[PDB]
Protein chains: 4
Amino acid sequence: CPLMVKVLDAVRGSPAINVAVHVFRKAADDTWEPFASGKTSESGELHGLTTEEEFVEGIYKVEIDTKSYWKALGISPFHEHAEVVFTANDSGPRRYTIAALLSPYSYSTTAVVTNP
Amino acid sequence: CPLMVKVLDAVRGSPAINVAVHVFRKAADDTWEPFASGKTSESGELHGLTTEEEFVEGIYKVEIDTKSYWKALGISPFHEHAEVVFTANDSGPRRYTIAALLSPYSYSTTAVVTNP
Amino acid sequence: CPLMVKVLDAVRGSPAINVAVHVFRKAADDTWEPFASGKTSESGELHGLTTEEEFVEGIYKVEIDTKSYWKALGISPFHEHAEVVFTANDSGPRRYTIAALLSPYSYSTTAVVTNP
Amino acid sequence: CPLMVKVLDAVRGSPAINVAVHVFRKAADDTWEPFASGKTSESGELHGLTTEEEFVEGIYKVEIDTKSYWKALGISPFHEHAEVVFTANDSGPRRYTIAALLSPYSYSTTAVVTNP
Ligand SMILES: O=C(O)c1ccccc1Nc1cc(Cl)c(OOO)c(Cl)c1
Ligand SMILES: O=C(O)c1ccccc1Nc1cc(Cl)c(OOO)c(Cl)c1
């Protein structure tokens, strides 16, 4: 649907399961208002965060709680979390996949944006 | 120089030059206080941000102003900026290089943490 | 199925479509024997390369023809192709997803390996 | 020094030290002739591979022996090695840095190509 987060573990070559993800939307007063949250599945994906109607134009932040993920695996990683910030739907509704590839001292994040 | 930031451009295969970087330290009230800032050099590097005396244990955020970089180059970017958030810890290595590899719709960031 | 290749374009934030992919398997005489080939779909994926029965233990090479991809978009990229080489099925049959994220002067490749 | 290779370790957040690297040039019969080799230094770098006189236009392959690196560290890796294949072109910039960021099940590689 309109916003999906996918997380992979580059150490094990596997989905990153049970990763907490918090989504925020910037308000007109400039604060970050909570928008949605959840955790990744067995497949490393988190679906169902929002609907096209709810997912209006705005600046969004996707915070992925990578530190908690590594700590549960016995690892003390470098980053507190990964934060992905972007304008969405400024030229009409799109579908966003926010992917993150995780390693203890590194991550990458990519967006796949498609027109429904 | 306990903290350096290095930014590369994956489209042009070059250092990312003149990228604004802002560094923040987390205050006790959970807000981000400005701490240091600069623009990357012709080698994509930003040095001289802080000193070992003032770079005490705490949580820091490095914000790299990727959107402006791509706008200057005439390429549509996805992210507002790249954020790197981490804890500084005296027990470990005392030189932190925050590296970022930029593409319009993806970035990676890595910490190279060493002793001298 | 047992081997899938997924390719993304980090410039556009989209699947990399119509990318040629050639798979090779190392023979006992040490040469690279052609094993399968195809091109990525509208979704950037290439499925149907092999079956579990055909996909025996071996060292495989997945060559992704990234240069042809960029050239068709007007770009002169750095790499001739991306080549991904790995042992497969040495502890029994697994499912492999070979992902590649492409930029003109950079790529990343990741494997997601699951036990059916 | 027209060619340098730099390797980083995304698990430990460090230079990848003592990684074997072999460089090849494509011969007119389409085979790979050995050209240079070395191990990365304590800074993850390999210099002195060739000279501008002998580094003529052609297609080169840089093979980074990632599997051995991870084996030494006691972590199961995916890839046999990382291969980087590119054409050297006199018309452009004349210093090539081949950078590789390593995780057990993923790697990225980037070319930083500059003039001095
Ligand atoms: O090559 C990459 O994929 C990469 C990914 C994340 C961060 C940096 C990347 N490249 C890179 C990083 C560092 Cl610290 C670096 O060292 O220079 O001081 C180089 Cl040459 C390249
Ligand atoms: O291919 C990579 O190296 C990579 C780079 C950045 C982010 C994620 C990465 N892998 C990746 C792997 C898979 Cl299987 C994937 O989607 O699968 O449905 C995506 Cl979007 C990305």
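Note that chain A is numbered according to Swiss-Prot, with residues 30-145 shown in order.
Cβ coordinates are placed from backbone N, Cα and C, and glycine is handled just like the others.
Quick look at what Swiss-Prot annotates:
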MOD_RES   A:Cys30  sulfocysteine
BINDING   A:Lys35, A:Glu74, A:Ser137  L-thyroxine binding site
MOD_RES   A:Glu62  4-carboxyglutamate
MOD_RES   A:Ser72  phosphoserine
CARBOHYD  A:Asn118  N-linked glycosylation site
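On the structure: features taken from Swiss-Prot.
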residue  : record                      : DSSP class
A:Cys30  : sulfocysteine               : coil
A:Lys35  : L-thyroxine binding site    : strand
A:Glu62  : 4-carboxyglutamate          : strand
A:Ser72  : phosphoserine               : coil
A:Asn118 : N-linked glycosylation site : coil
A:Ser137 : L-thyroxine binding site    : strand
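When the Cα positions of A:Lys35, A:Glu74, A:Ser137 are compared pair by pair, the longest gap among these L-thyroxine-binding residues is 16 Å.
Taking the Cα atom of each, A:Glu62 (4-carboxyglutamate) and the residue listed as 'phosphoserine' are about 28 angstrom apart.
For A:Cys30 (sulfocysteine), the Cβ neighbour count at a 10 Å cut-off comes to 13, with all displayed protein chains included.
Of A:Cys30, A:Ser72, A:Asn118, all annotated as recorded positions, the residue with the shortest Cα distance to A:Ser137 (L-thyroxine binding site) is A:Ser72.
Those recorded positions from A:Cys30, A:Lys35, A:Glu62, A:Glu74, A:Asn118 lying by chain B, with Cβ under 8 Å from one of its Cβ atoms: none.
Proximity of the recorded positions A:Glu62, A:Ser72, A:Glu74, A:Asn118 to ligand 2, judged by a Cβ distance under 6 angstroms to any of its atoms, singles out none of them. Residues from the set of recorded positions A:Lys35, A:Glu62, A:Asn118, A:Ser137 situated with their C-beta under 8 Å of a chain C C-beta: A:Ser137. Close to the residue listed as 'N-linked glycosylation site', meaning Cα to Cα within 10 A, are none of the recorded positions out of A:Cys30, A:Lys35, A:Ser72, A:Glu74. Rounded to the nearest whole angstrom, the C-alpha distance between the residue listed as 'phosphoserine' and A:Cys30 (sulfocysteine) is 16. Non-local contacts of A:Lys35 (L-thyroxine binding site) by the CB criterion (under 8 A, 6+ apart in sequence, same chain) comprise A:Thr69, A:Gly73, A:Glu74, A:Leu75, A:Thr126, A:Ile127, A:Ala128, A:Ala129.
With respect to Cβ neighbours within 10 Å, the recorded positions A:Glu62, A:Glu74 differ, and A:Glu62 shows the lowest count.
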